[PDB]
Amino acid sequence: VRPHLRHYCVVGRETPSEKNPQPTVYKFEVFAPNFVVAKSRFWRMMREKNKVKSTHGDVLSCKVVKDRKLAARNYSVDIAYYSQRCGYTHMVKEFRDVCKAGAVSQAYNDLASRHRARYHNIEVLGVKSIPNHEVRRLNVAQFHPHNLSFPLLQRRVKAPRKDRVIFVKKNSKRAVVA
Amino acid sequence: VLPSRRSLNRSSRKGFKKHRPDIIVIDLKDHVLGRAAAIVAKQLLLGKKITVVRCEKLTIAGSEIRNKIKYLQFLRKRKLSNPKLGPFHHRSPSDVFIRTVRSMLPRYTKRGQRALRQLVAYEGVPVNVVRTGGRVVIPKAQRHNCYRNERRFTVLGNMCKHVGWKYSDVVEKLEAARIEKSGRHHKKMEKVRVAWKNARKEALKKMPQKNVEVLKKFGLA
Amino acid sequence: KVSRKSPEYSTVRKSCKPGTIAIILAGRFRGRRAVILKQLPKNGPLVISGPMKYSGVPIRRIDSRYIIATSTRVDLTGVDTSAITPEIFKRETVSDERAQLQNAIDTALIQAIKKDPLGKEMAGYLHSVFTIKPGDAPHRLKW
Amino acid sequence: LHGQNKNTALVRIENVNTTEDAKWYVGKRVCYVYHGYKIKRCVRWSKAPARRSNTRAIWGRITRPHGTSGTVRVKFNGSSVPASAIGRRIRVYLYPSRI
Amino acid sequence: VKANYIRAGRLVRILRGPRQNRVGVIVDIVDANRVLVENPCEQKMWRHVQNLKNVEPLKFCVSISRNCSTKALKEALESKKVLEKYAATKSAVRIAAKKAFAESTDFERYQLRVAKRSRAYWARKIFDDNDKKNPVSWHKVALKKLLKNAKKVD
RNA sequence: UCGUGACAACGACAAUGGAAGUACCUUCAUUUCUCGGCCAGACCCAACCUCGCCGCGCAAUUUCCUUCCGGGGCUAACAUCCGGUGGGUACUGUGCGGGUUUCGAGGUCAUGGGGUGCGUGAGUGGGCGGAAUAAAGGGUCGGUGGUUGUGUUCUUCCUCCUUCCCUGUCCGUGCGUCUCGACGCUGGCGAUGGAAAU
RNA sequence: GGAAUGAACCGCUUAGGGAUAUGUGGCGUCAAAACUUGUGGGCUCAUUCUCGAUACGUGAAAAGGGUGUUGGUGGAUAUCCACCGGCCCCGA
RNA sequence: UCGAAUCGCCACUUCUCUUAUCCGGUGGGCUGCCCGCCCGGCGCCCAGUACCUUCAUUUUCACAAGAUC
Ligand SMILES: [Mg+2]
């Protein structure tokens, strides 16, 4: 519900014709805000790989995939982003999340803050739920142990929107103004 | 202020003795300077009378060296041909707060000038403000909801000293005297506070049996 | 279905019913409570008469937009209120014919309130006065 | 940013702070109370002579909420409210009542 | 320093959500600022994600393991009777009282007003007759000073 | 261009100017005075615009859920993870609905009315009158043979009966050439005055 | 109508007026709007022409450096080496 | 002389300090769990929850036609 970038599976093919009857049917996994963007990414991949353009092809399915459950997991996401003066950069990162869509949305925000890369310059190669004992990052492995505990400090507690005072008495909750 | 003979004579005929307008007193200890000024300025424009005390305890984000340099840059500005017409650089903490609030008001219309007239801005808690009533705070600028713990901050009084203010010792001497007098008085009347508390208790078992149940249902007894 | 020409026709809120306690919001009796008795034959104003002993509000007419109908109701099956007719208000010290009508209806209203199981609490309730204190919100209440 | 339009006024009421609370007050009557400098005509000038005074009132109604913090929009009958009322008290009555 | 620790089996109360002022037990921790909350002995409150800025830890704890079954959690809660103890806490009663006032029907509001007035009157009567003997108020203390001052002249 | 008497005020934004109100002045105009072309408030009909509450279709809900094992992992276990076994039968999408044999409310100082009352001042209404009482048009079940498509039988859709379940049917009112005019109920103010109102 | 200001930029193009909704641009105060919205993530500390923050707007910056801090890639060993990014600092 | 706008008040609030902090203080047992100990208020229509008690014709809104100063 919270994450953007839903999980889409796009199935398509080149239109049947002479000199190429019964063309191959391809499958594509993409993470996009809506199915219009999902189909746009599918044809960009088809154009640069199979030399097939959207004008001469058709889409057979634009289904939304379903995830397993609501447990805590480890996700490995290998991603690539383009920039000038550096070309293409490939990396593998690990995240903690609940579903594949959430992990990939985290990765997109992470690349924005740490490397200043926008959505259309980023290509996702794969996402997989890996077990413990084979994650290579300490910022993820520190949540594995049982009996894990920590306190909440430096909290900023804001009141519900209905209460929301402006001036309050020094030694009481009297709410002088508003 | 300073009622002339016209005012005293009119009050004598009419029978009036005293009058006090509705005023809010804000304790400015541990408050972010910019956030408190913005909240107060909007309330002034909405027709409120505000008195702020302890203006020497306002805090500014950053180190004391950084903020002192910022003031020395402001002090450098003056009308070269006639400095007595140029910008005026006030030095007391209470004057600095009023200047900050003034820059957040339309100060060249009669509406803004009237709004600025409704702020007093004392230093410490003077004798004419101690017994007026309970003080208030602004939770949106309390600096324990605003600053991260590890960041250095400046106290306004310390920064106002070292650039020209020469009443820091006077203010701290008067504040310490106020604490002792207020502390002595508050320890007194502990008997009447306890007596009233022992009166609300045992008031139950004297009230009718139905009103106590209603009090229990609403979590008041 | 009821024709608009017929006297029984009326378009008033379902909250305002005979026997309902109401808070008067305007006029010389603002802030007091009274019992709604009936409605005038056409789509006219309601007739409110709180017990004169309790709230000191006599029989008069009021618009439904100047009261707040509370959720506490007193049964009025015993009372008749058939003597209340528009011409008694059309006539425009108190005449004694008005006094006898007010006194007779008041006794029936008082007896009906006493018949209610919470009669003593209701009598004290009708004595109270509504006001807006500094720091309360009438829009968050439930009535 | 281009200037003001004086046929509508903005009123801030105590203890609303929410759009849902401001929607309770749509349609309610509003008045602004001030005084003149002599006794002019008033309602019930002949039936209730005790009412005669320098006090005067300008009435209006609440049309719709403004923003998300509980401010409302008010139209003052045909004319507009004077600009000397900015920052002063406004009365918000409880009638007409839907409750 | 004295904070209650965030861990599996710790009861929390929700601050500002749709399920405001509700209690559930933490069952797992995912990253720094997200947990899974569940309470099987109350309507709604199935397993769901909750931000750590929207909960407050309580003093009560239940011995369970991370990612435990719903039937295992239900058994653990009833054995320790933790939910009943929270209901007896003063913080819970204050919250329950505020909800009761929001539902009031202007007749119970009058009844509460009568009850408070009755207590205030009796407190005033109790405070006096403890001021006649062992005076404590401002006026009763000054009466002794006045009487002794007038003894010599009168 | 200047003097004088009366008055209005006014800090310093040079004045002048525009818009919208207000406070005092009016040798101005129009209306009313026992009905009013004055000021308010509520109500009705039509129209337009909103909010609550309740729902539907689609393989969208199976790249999924649950049990019993073999790996693997932690700690004694469980869990995250990978292969198999038998059961399956609030949920991250998309297109839409709901007042008249009645689904609950709100607003128009942002609209027109004679506000059903006289005559040609044309209530058109599933809404106003008269009649009649499931009227044709849908949702499931069980059978019934033609059809689309996988795979070497079952899967859709049709037409034809059988069970229950839901809803709402028919009729009716042109003017003797054309146009404009007609402003209900309640209170305040106004009874000829250096009067009210615009 | 917006970009504080500007012939030419952004939006839109113009009879006299109401109601509703938008565009560009915005919602700490000046100044209408989050009375300082989120029950969303990260990164950053900037001492003397004073860190940064609306395009056109060279309406001001380069080569070259810094484990200051936060991320990646490729090799040895159960920490070391080489290289490349983000924000900040020197060059100024 | 003045007709005016404003509509809570208190000798229980009117002392101080912290927010990585026993949020009322405060000890003990085995680096987080468990176990003990002691101590804002009034105000809204009988001076008070109880019997009794004048409200009008100001007969449908209008600055509260009433108060404070
Ligand atoms: Mg604003």
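In what follows, every chain begins at residue 1, and chains take the letters A, B, ... in the order their sequences are listed.
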> Could you run down nucleotides 11-30 of chain G 5' to 3' and tag each one B, S or - for protein heavy-atom contact under 4.0 Å?
Replying inline: --------SSS------BBS
> For every nucleotide of nucleotides 59-64 of chain F, 5' to 3': is a protein heavy atom under 4.0 Å from its base (B), only from its sugar-phosphate (S), or from neither (-)?
Replying inline: -SSSBS
>> Please encode protein proximity along nucleotides 81-92 of chain G as a string of B, S and -, counting only heavy-atom distances under 4.0 Å.
In response: ---SBSS-----
>> I need a per-nucleotide contact map over nucleotides 189-198 of chain F, read 5' to 3'. Cutoff is protein heavy atoms under 4.0 Å; write B for the base, S for backbone only, - otherwise.
In response: SS-----SS-
Give me the distances for all protein-to-nucleotides 59-62 of chain G N/O pairs that come in under 3.5 Å?
none

Any N/O pairs under 3.5 Å between the protein and nucleotides 22-33 of chain H? List them or say none.
residue : atom : partner : partner atom : Å
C33(H)  : OP1  : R10(E)  : NH2          : 3.0

Every protein N/O lying under 3.5 Å from an N/O of nucleotides 21-26 of chain F:
residue : atom : partner : partner atom : Å
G21(F)  : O2'  : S80(D)  : O            : 3.2
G21(F)  : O2'  : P82(D)  : N            : 3.4
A23(F)  : OP1  : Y34(D)  : OH           : 2.9
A23(F)  : OP1  : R56(D)  : NH1          : 3.1
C24(F)  : OP1  : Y37(D)  : N            : 3.2
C24(F)  : OP1  : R56(D)  : NH1          : 3.4
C24(F)  : OP1  : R56(D)  : NH2          : 3.0
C24(F)  : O3'  : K38(D)  : NZ           : 3.0
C25(F)  : OP1  : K38(D)  : NZ           : 3.0
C25(F)  : OP2  : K38(D)  : NZ           : 2.5

Please write out each protein N/O paired with an N/O of nucleotides 45-53 of chain G under 3.5 Å, distance rounded to 0.1 Å.
residue : atom : partner : partner atom : Å
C45(G)  : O2   : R66(B)  : NH2          : 3.0
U47(G)  : OP2  : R66(B)  : NE           : 2.6

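Comparing atom distances between the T11(C) side chain and each of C35(G), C44(F), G43(H) picks out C44(F) as nearest. Here the nucleotide nearest the side chain of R91(D), chosen from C35(G), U37(G), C63(H), is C63(H). Considering only the side chain of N43(C), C43(F) comes nearest among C43(F), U36(G), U49(H). Nearest nucleotide to the side chain of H133(A), out of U59(H), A62(H), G72(F): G72(F). Checked against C42(H), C63(H), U80(F), the side chain of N74(A) finds its nearest nucleotide in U80(F). Here the nucleotide nearest the side chain of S129(A), chosen from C81(F), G40(H), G38(G), is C81(F). The side chain of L153(A) lies closest to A20(H), out of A20(H), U57(H), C44(H).
Ring-to-base geometry does not place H19(B) in a stacked arrangement with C69(H) (centre distance under 5.5 Å, plane angle under 30° required).
Taking atom P on both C178(F) and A110(F), the two are 39 Å apart, rounded to the nearest angstrom. Across the P atoms, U148(F) and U162(F) are found 29 Å apart, a figure rounded to whole Å. Going from the P atom of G151(F) to that of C82(F) covers 31 Å, rounded to whole Å. Rounded to whole Å, the separation between the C1' atoms of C55(H) and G193(F) comes to 40 Å.
Not counting sequence neighbours, the partners of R20(B) by the side-chain contact (heavy atoms from CB on, under 4.5 Å) test are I23(B), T132(B). Annotation: ring-ring contact (aromatic ring centres under 6.0 Å, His included) contacts of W59(D) (sequence neighbours excluded): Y93(D). Listed by chain and number, the residues in a side-chain hydrogen bond (donor to acceptor under 3.5 Å, both in side chains) with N147(A) are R7(E) (sequence neighbours excluded).
Atom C1' of nucleotide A79(F) and atom CG of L70(A) are separated by 15 Å, given to the nearest angstrom. Remark: P of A56(H) and CZ of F89(C) are 16 Å apart, rounded to the nearest angstrom.
Look at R28(C) and you'll find a side-chain N or O under 4.0 angstrom from OP1 or OP2 of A56(H).
Counting distance only, with no hydrogens placed and no angle test, the side-chain atoms of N54(D) and the base atoms of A4(H) include a donor-acceptor pair under 3.5 Å. Side-chain N/O atoms of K140(B) and base N/O atoms of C35(G) include a donor-acceptor pair closer than 3.5 Å.
Heavy-atom distances under 4.0 Å link RNA chain H to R117(E), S118(E), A120(E), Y121(E), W122(E), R124(E) of residues 115-124 of chain E, given in residue order.
Taking the nucleotide of RNA chain H with the nearest heavy atom to each of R10(B) and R155(A), the more 5' of the two is matched to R10(B).
Sugar puckers are classed by the sign of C1'-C2'-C3'-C4'; that of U19(H) comes out south, on the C2'-endo side.
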